[PDB]
Each structure stands twice: as C-alpha cells, then as structure tokens.
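Next up, structure tokens for two forms of one chain, structure 1 and then structure 2.
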Structure 1
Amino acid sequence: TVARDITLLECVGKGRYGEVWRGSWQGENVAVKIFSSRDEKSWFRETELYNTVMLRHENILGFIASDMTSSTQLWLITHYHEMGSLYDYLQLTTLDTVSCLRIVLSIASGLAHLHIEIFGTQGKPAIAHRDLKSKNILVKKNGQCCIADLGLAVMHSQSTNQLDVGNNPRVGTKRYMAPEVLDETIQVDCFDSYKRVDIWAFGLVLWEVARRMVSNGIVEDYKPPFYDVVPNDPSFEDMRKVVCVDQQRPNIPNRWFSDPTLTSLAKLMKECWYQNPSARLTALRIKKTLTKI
C-alpha cells in the first residue's frame, strides 16, 4: 500500500542492481530502489531482514517498506538522503577535520551496531554486511552517514551458534574484496570471518574519505581503492594478484603525517588491512578509537 501511494519523481541512480528513484510519499521524499532481474535475491534477503530483525539505528538506512508492485517490480522503500552516497559526495567537496571524523565515526558506529549481538526482546542477532563500500553508505545533511544495502548480510546467534548465510548468487564488489575472499581461504563456516571481511572494506572506505580531508591547504583527488594498480572494472584475478600475491595496500600520503587526525586514521586503516584476518581491529575498537581522536 505504501508503493501505491508513492509518486515517482526522479531517477537518482542506475546500476547492475537496478535503479534508485526519488519519490514522494505523504508529501515527504522517499528512496525507492527498484531491483533488477539479476539481483532479486538481494531484495529478498533485505526484505526478510527488515521484517524480522530489529535493526533501527541512526547510522543504518531507515526502512519504510518492501513491496512487489503491479508489469511487476521489486521495491525497497527507505528514507531519502539528497546528498546521495559517500562516493557521490566525496567527489563534489573536500572535508575538514570535524566533517571527516563525523563521517568515519558514524560508519564505525553503524558497523559496530550490525556486528554486535544484543540479548533479549529489544535485541538483535549479530550481523555482517559483506559488501560495504562508498556507494552504499549515504551521507545525511547533518554530516553523519548511514549504511544501506543489506542484501548480502549474514546473521549469527551466539546462544545457539547458528550461522545464517544467504544463498545469493551476488558476491561482494571485487575491488573491495578481502585477501581471504580472493584466495578462497576464508573460513566460510565461521561468523567472525564475515566480520573481518567487513573490517577490511571499512579500512578501504576510511582511506577514500581521509584523502578528501584538507590539511595545510593540501588534499588528494577522490579515487577508489587500488585505482593506480588495477584497471577499471577489475577482475577477480586482477584483484587476487594485487592484494594477495603482491600484498599491495593503498598508499598513505606523506602530508597526512603533519596532521594528527590523519596520522591517527592512517594507523587505524592499516590495522584493518592485515592479510591475517584475526589480526584486524574490531568495529567497536575502531569506534572507541575514533571517539577519542
């Protein structure tokens, strides 16, 4: 019924996943993500998650409804953030210390919230995202972010030791894939493995953002991770060669060591990028560290 009352106004995004539209519902802007045929299973997983797990959180994209509307389409209706994604926003502006730390702390807060199981009737299972990237993190006008696109999410309950992986043909974006995914050594039956996959990807987003924080009048152009060492649309084997075989990691600009904030974020992101997954920081530790900077 939400879908029948929505007026679609403007397409604001298009990809292999489908399309995103700005719509109006009860006079308020809403985001309508219209899934492609190729990605119907992500719609299904996200719908199941939003209808069975209490997820609401400042830094998780707000859910309104899911619907199959009648031509038949699969729609996921959420709050609308006119700044669009971090990918979009980082390309039209540079950041200062305050706005950079607000972005990265808000992502760490949302990720910690996903990862941590909460006991009881007001609680939730532990959740790992598995495809975190700058294109599915939204920026609010108040400068905080929120994480979207839970179609690959996996859940875990420590009490019963049940791991719910989805059976989704989709895999994570290859440019952001962790070493253990690329060399197929990931322990697929351990929930902690998916959390560590998230932490790797977070480190890459951290790098993407920090580059855009000005210090002493200097800033880097926006670039996606590994822009300098793999082609656009890199293959799985392109990524395995660079990340696993050659052990490359995004370069830290020297100008960052003149700013205390960027020096601290540089230390943080390198501790997300250990080849050994169990050596990476946890989301909560990142959150704590960023609350102190």
Structure 2
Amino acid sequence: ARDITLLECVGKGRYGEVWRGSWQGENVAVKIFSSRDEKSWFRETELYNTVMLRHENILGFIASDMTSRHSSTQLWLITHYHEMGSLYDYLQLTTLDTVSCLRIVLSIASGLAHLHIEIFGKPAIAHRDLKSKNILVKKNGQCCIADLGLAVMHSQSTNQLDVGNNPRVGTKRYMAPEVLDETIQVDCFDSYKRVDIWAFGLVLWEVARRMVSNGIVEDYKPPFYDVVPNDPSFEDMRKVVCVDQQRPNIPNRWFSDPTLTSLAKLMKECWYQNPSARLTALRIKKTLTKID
C-alpha cells in the first residue's frame, strides 16, 4: 500500500512545500522540493539511507522519490508527521515551565549527540542548518531534528563526505562566526560539528526566553532581532557576529532562577569565537541531564 493523499499545505517557501498527507491510514508529511534545492533532496536521501540514523529525536524517514516524465522532475521526501509543528511555531504563543523547558532542550541535545557520534553502523554527522524551524515538537514534549539536506558525514575508519564548494549555506541568522567570515576549515569534520554547537546555543536562548520564572517571561524573538534588520543579509550577520562580536543578551531575571542561570552558562559555552573552545554535543547532553 504505497499510495498517498495530499490533504493540506502546512508550509511554502524557497525550499518547496510541505503537505500533510494520508498513507496506510496514518498522517505523513510530504515535502516537494524546489528545483533550486535539488542537491538538498539528494543529500537528505543519502543521509536517510543510514538505517542506524533512526532515533526518537531525529525526524523519521518513510520514503524518498525522484519522478520524471518528459522534461520535468519532482523530488519527494515522505516522513512522519508532527501536528504540533516546529519549535519556532510552538514558542510563538506557548510559555514553558522548568520541566517542559529542560525536556525540549535535552531532547534536542540528545538528537544532536546522536548525529555527531559515530556508531561502529552510522557515520558521524554534522547538520549545518540547526534552527528552531528545523526542530519539530512531539506530543510527548520532546523534539526531533529535521532537514538533513546540508548534512556532512565522517567515518573515523576512513575519511570525510563533505560539502558542495559553497560554504555560505545554512540559515544566515544562525551562521557561526567562522561561516560568516568564511575562515571555517572546510576539510575538517570537527569544524562542522562546532557550527552545529553555535546554532544549538542560539536555539537554547530562544527556548529559555519562553520559560517562566518569578512570574516573568520574555516574548518570542529570533536570535539577533535587536541588532540586525528584520530579514538580515549575510553581511548584516557578519557585521554583528564577527565585527561587533555581539552575542544574544541574557535577561537579568534569569540570574534569579537556578535553571536559567545554568542554561545561560551553557549557551555562553556554545558561543566562543574560537570553535575548539565550544562544548561538545555529548557534554551539553550530560550537563542538561544533571540540571533541575
């Protein structure tokens, strides 16, 4: 029973479209890629070929298809469906308590450590576009990481399955200093893990703002909302991150709450300009497991 019914469009952008569909009587998400993003479709298909990729905190794969008649081609990715939508969507109007905030951020750390660590199998994987729109919320209050179209793979028993020649990929708002200044070591797998850690810190900040403490919470804002234009360019981001050495501000009310004090310390250890100074995903996961 391979047939799918497309029921409603839940997203449209430069990436193509995502549809809620029905398959074997279950909701599925069907992404139809833009022509512009055909290399992402193939990269994501290469990533999902890994059976040991499967994890509670990684978006689960059902099928990938490239179809053509005559001169046009369609590119399909079919996954499990998360009706709560992205973490970006969820944070807009929901506030969090301590338990819900830690559950979300530990689940993302668990997914990211699963990607980064080689299994002897699954290669080590760096995501390269981590952000709150690429994280889905599950009904159990954990998240899963989505969109492996820019991912890079590495095997310690051999070598490295790397990028296109274009290093200006990833979402500009979440790009690490070394991506924005184009000094990143492109032949070094560890470089790409360190870019993910930078972006994880920004996602931690986005989530923590929405956790209530002492009857106070911040409104949802994207990273660097206060220092860059609404739709920031690559150069806008380079200016604030590389020239101005800006990092997201820690609201002072956080320092009255032990959880938010711990999270502020963790996100600062994701934001060093020196990529090798940043925490590992495993260390973040260990730290969040210990925080109450």
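Please note that residue numbering is based on structure 1, beginning with 1 at the start of its sequence. Residues that one form lacks are left out of the comparison. Heads up, when I say rigid core I mean the largest set of C-alphas that superpose within 1.5 Å between the two forms.
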property: Identity of the moved residue from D88, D192, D164, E220, C-alpha shift 2 angstroms or more, core fit between structure 1 and structure 2; result: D164
property: Large Cα move at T52 between structure 1 and structure 2, threshold 2 Å, rigid core; result: yes
property: Cα displacement of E40 between structure 1 and structure 2, core-superposed (Å); result: 1.2
property: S106 CA shift between structure 1 and structure 2 in angstrom, with the core used for superposition; result: 0.3
property: Shifted regions of at least three residues between structure 1 and structure 2, judged by C-alpha displacement of 2 Å or more after core alignment; result: 52-54, 68-70, 161-170
